[PDB]
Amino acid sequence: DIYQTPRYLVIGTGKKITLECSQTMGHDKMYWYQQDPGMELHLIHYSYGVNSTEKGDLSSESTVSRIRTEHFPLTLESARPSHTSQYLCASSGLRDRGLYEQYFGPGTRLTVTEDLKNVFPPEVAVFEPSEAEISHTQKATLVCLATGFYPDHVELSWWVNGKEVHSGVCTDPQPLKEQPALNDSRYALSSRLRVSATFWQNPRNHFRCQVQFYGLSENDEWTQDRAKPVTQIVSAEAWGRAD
């Protein structure tokens, strides 16, 4: 398969960044694409094989190395806010019928911030269903708000009685900027879990909104008095209400 590390990175302006891409398919052709949310893919680098390295369609400050077939690491010698986006590695090999089939890696989401003191975890709050909704519709919507987070590197899930659930859930596709006129604005995200009124009204039912936040690593420096915004799960919970 095709592999990329790290899944998420936040780093200060000016620092060196290496993004790893590896695969054990024996593939000679390999690719680096760049993509901002909602935009089109731009080929940034490619490689024909074991010792090949060519500039893609979009010019970049990044360079690449293909010293070995298995590895195609992308390097950014001094990060700038402008390098903020998603970086997708791909490979393709000879399949059948005379075809090269392109396989994409999981990607790395990169944010370059001015200062690591801009990095904040989410605060998470669960809001319990309205009694007016229950009596009107026989359904019960819980809302979860994750607020005040930077970077926008967050995974929100709902858990009911200890199992992650996807049915009855909608999470905003994109987070809100708290301050749209600012570059390192913090973010908010909303999610909804809808269940039946009888399910909510069972006090044995436990409902939990969980936000995985990807932040600083144990290698990052931190001189602030506030808690170091490391990678962490922030959660909030509610139990059923018998009315």
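Residue indices: 1-based, along the sequence shown.
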item	value
Stretch with the higher entry mean CA B-factor, where the candidates are 156 to 164 and 90 to 98	90 to 98
Between the two ranges 120 to 128 and 77 to 85, the one averaging a larger CA B factor in the entry	77 to 85
Highest-ranked of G215, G49, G56, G26 once sorted by CA temperature factor in the record	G56
Which of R194, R208, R66, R204 ranks first by CA B-factor in the deposited coordinates	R204
Ranked C-alpha temperature factor of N219 among modelled chain residues, by third	highest
Position of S235 among the chain's modelled residues by C-alpha B-factor, lowest, middle or highest third	middle
Ranked C-alpha temperature factor of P106 among modelled chain residues, by third	middle
Where the record places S190 (Cα B-factor, split into thirds across the chain)	lowest
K228 CA temperature factor, ranked by third within the chain	lowest
